Every structure is written in C-alpha cells, then in structure tokens.
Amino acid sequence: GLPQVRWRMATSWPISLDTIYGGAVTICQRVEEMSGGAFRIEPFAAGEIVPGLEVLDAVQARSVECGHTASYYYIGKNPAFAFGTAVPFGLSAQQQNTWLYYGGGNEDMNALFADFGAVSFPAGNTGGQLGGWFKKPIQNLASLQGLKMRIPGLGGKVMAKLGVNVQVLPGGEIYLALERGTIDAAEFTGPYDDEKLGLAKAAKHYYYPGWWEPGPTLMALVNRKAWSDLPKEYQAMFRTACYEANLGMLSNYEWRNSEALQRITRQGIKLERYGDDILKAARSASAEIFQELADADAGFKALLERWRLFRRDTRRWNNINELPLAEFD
C-alpha cells in the first residue's frame, strides 16, 4: 500500500489560458490517473491562494507543495534564473529542451532552485513569441522612448535600455491596464493567448519577432522536503508527467498560434517586422546587460559562457539539418 498524497500546485496563470494553465492541469490529472487516485494535486490560478509572481516564494515556504511558473519571474533573486525561461536572442524551444535535458541546463537550474528549497522540471514551452501590441504604431527606434510596456525578464531590461518604461504584470491583468491607460503597449506570448486576453481589442499594432523570448520554458517546482517524502513511484509519475506537459504544451501552442495567426489577419490585424534600427539596438543592449551581469558574478559568467558555446554548436547543427528546408519554398 502506497500512501494517499494530497498536494496543491500554485500557478502563475489565469484559467482562461488553457494552453499554459493546461500544462499544470496535465501534470495534476496524469499523476491522479497513473496512481488510481492515490496521488492528487489541486492546481490553482494566479491570485487564488498565491500571487502569480510569488509561486517560488510559496514553494520555498511550503505554503504549497508545488508550483508551475517561469524561472525569469525571479531574476531579482538571481539573474541566472533567466536562462531557465529564455534570454534575448537565446535558444529556440527545441534548442532550449536540448540544453535542459542533455546540455546541463536542468542541472544548472536545479542548483539555483536548491538555494530556495525547490527542485525544478521542464513543464512547458510557448514556442517562439511575437513582438507585442502597441496602441500607436512604431515609426523607428525613437518611438520606444517613454512607452509604458508590460514585458518581463532580461527582455524587459533590454527594452528599458532602449528607453521603454517597463511595467510588471501577470498575464491576467494586461487588458484592464491597457484599457485604463496605465500602459501604452504589452507582449504576452503570441496570437492565440494575445487574442484570448483581448490584446487585439485594446491595440491594433502587432510586431515580430519577439527577440526577448525565442523559446521560453515553464518549470514545475516542488518543495525539496515535500519531494523527499514522496515514494519513488510517485516521483517517477511526476517527473514523467512533466515531459508530457513540456512536449504537449509546445505542440498545443504551435497548433493554436498557427490557427489564431490566420484568424487575426482575417479579422484586420496587420503584422509588421521590427526595423533593423530596433533589432541592432536590442542585440547591442542585450550584450551590454549580459556583460554587466557576467562582470558582477563569476557563476553567472561561467554559465553564460557554457550556454553561449551550446548555442553556437546547436545553431551550427540546425543551419545544416533544418534551416535549408525551412527557407526553401
């Protein structure tokens, strides 16, 4: 007889986003199915029991046993957490999964989460993000000066160096903030989530690419001690379920964003590519931010150099095995 385990999972997400909230639900449903009801986890939307941006805090305190969040929400505690979500001009979703599972990423991220009493598992990806929504159209790089924009992580810091006034909001809050006039622009994920949250209603000017988040990972987090007290069978169920959340969510976003792109263009939204004045300035600002973080911390520097090497090698591989068919019509 294995125990009846009953857990709660705090998430960073609103229930309306069945893509990303769906990853948390998948983990909870699958351990219940595999355990025949002996191992249950109740998922909660952002703000129900824990604020969306404080999932790691609640997991560390053990006010919940586990969570579903984005590591880059905690760059204030350790800028190295950025690599476990996405960094500007960083890894594709497929490269990010390769880096986590076989390039040393999951070991690097678990070493950081160990400092906050937690263990981490990849448990979602949005795939490549788009460039966000603007109430007024962008004319050139100088159009960004003084804009109030919702955008998190090191992407936010890059946009701040370009003169954007970066605002902190969980996904659920963006539409009201855009309507009330609190902000002038926002990015979230892509067509499917952006349209569902009402971003295409609040703003008409959509850009690409989302160079800040080329393949952002969502992590399942478990309290170290809660994880220790789990029998080996239930650890295996949870760990395996997170692979389904990770591959299942990426595939779900690819499908839903592909349909939503067609829907919003038919409904009147025009998608524009960012000018090279913005892309060049973003790349340069990103290099400056990573240089500063590296000079301030040998651990960050060492991780940045291992990740940069992984990135160079995997891009060289994908330039041969994938890019030629992607660009040939």
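Just count from 1 along the sequence shown to find any residue number.
Check: In the PDB record, does 216 to 224 or 246 to 254 carry the higher mean Cα temperature factor?
Finding: Of 246 to 254 and 216 to 224, the stretch with the higher C-alpha B-factor average is 216 to 224.
Check: Which wins on mean Cα temperature factor, 23 to 31 or 270 to 278?
Finding: Looking at the record's C-alpha B-factors, the answer is 270 to 278.
Margin query: According to the Cα B-factor stored in this entry, which of the following is highest: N140, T85, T126, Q235?
Written below: Among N140, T85, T126, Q235, the PDB entry lists the largest C-alpha B-factor for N140.
Next item on the list: Compare the CA B factors listed in the entry for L304, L261, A70, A296 and report the winner.
Entry: The listed residue with the largest C-alpha B-factor is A296.
Check: Among the chain's modelled residues, which third holds the C-alpha B-factor of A285?
Finding: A285: CA B-factor falls in the lowest third of its chain.
Note to self: Test of reading the entry: by CA B factor among the chain's modelled residues, which third contains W133?
What the structure shows: CA B-factor rank for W133: middle third.
Note to self: Where does the C-alpha B-factor of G181 rank in its chain, lowest, middle or highest third?
What the structure shows: Highest third - that is where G181 ends up once the chain's C-alpha B-factors are sorted.
Next item on the list: State the tercile, meaning the lowest, middle or highest third, of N321 with respect to the CA B-factors recorded for its chain.
Entry: Within its chain, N321 is a middle-third residue by C-alpha B-factor, going by the deposited values.
Next item on the list: Using the B-factor values recorded in the entry, state whether the Cα atom of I15 falls in the lowest, middle or highest third among the modelled residues of its chain.
Entry: Highest third.
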